[PDB]
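See structure below.
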Amino acid sequence: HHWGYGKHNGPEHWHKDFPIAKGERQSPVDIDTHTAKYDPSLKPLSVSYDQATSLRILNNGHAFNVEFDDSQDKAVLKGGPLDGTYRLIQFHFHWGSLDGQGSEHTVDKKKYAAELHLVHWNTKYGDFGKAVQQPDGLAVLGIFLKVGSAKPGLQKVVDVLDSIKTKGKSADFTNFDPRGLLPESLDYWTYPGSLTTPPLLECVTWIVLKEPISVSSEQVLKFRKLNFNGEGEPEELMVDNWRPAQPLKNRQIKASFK
Ligand SMILES: [Hg+2]
Ligand SMILES: [Zn+2]
C-alpha cells in the first residue's frame, strides 16, 4: 500500500512504486574514511541561521518536521561545495529503536543513534518544487547524534513532542534557533546523492559533518514515543525510520579535511 518502514512496505519494497530507488546516485551511503579524497579546493561552509524563523512542528507519519519561513533569505547555507544560496525549509531526524542504530549514513560501517537533516533548496530555482527538478536543486546538512550528555538546545523540541504524537497533528513552534544543534567543527564529507524517502529524487548535494553532537538517553527516548499512525488507529511506535546504505557506484566522496 503506502510506503513506510515496516516488513511489508519498507525500503526493500520502495523500488516497485519509485523505480529511481535503484538509481545511480542514491542515498544514504557508507562513508569509507580511507578512500574519501581530501579536496584542498573545497571552501569552508557558511551557515547563516541568525535570522531563522521557525513556524511549526508537524508529525507527517514518517518523522516530525520543524518548518521555517523560506519566503526570504533568512536562514541560508552557502560555501563548501556549493554554488549559490540555499534556503532552509525544514529539519527532521531519523532514529532507531535502540541506541546502536538510527543514522542513515554510516562512517566506516559505524551506525549512530540518530541523524539530523537540515534541508535547503537552491534559490535560483524560485521554489522548492522547482528545485526538486534539478541535479543541484537541494543541499542537505547531515549531523550524527550519539548518546551521552544532553543537548540543551534540543530540549524545546523534545518537550513539544507530546502535542504531536500522531500522524497529521501539528503545533505552533516559533522562535526556535537551529544554531543550538550544530557541532563545534564544520569539517565535512560531500558527495552527490538523493532524498532518502520517496520520491527519492536525485537532486541532493550531501554535506555530512564529521563531528557528531551528543544527546541524552532520555532525549532520544522521547523521540521513540511518537506514532507512525493517526489518532484512533492501532498504535505503531515511530522507530527505525531510516534507510539502509546504498551502493556508491560511480561516485567519489570528498573530504574537506585531512
Ligand atoms: Hg533532481
Ligand atoms: Zn532525512
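Just so you know, these numbers use all the heavy atoms, side chains as well, and skip hydrogens, waters and symmetry mates. Whatever order the structure lists ligands and atoms in, that order sets their numbers, starting from 1. Count residues from 1 along the sequence.
Protein N/O/S atoms found under 2.8 Å from the Zn ion (ligand 2), listed by chain and residue number: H92 NE2, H94 NE2, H117 ND1.
By the 4.0 Å N-to-carboxylate-O rule, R224 lies close enough to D99 to be salt-bridged with it. Here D177 pairs with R179 in a salt bridge; the nearest charged N to carboxylate O distance falls below 4.0 Å. Of the charged side-chain nitrogens involved, at least one lies within less than 4.0 Å of a carboxylate oxygen, so that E67 and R56 count as a salt-bridged pair. Between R25 and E202, no side-chain nitrogen of the basic residue sits less than 4.0 Å from a carboxylate oxygen of the acidic one, so the salt-bridge criterion is not met.
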N/O donor to acceptor pairs below 3.5 angstrom from side-chain atoms of residues 141-159, sequence neighbours left out:
{"residue": "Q155", "atom": "OE1", "partner": "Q219", "partner atom": "NE2", "Å": "3.0"}
{"residue": "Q155", "atom": "NE2", "partner": "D159", "partner atom": "OD1", "Å": "3.1"}

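No chain of hydrophobic side-chain contacts below 4.5 Å, direct or via other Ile, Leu, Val, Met, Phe, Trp or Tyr residues, connects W242 to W3.
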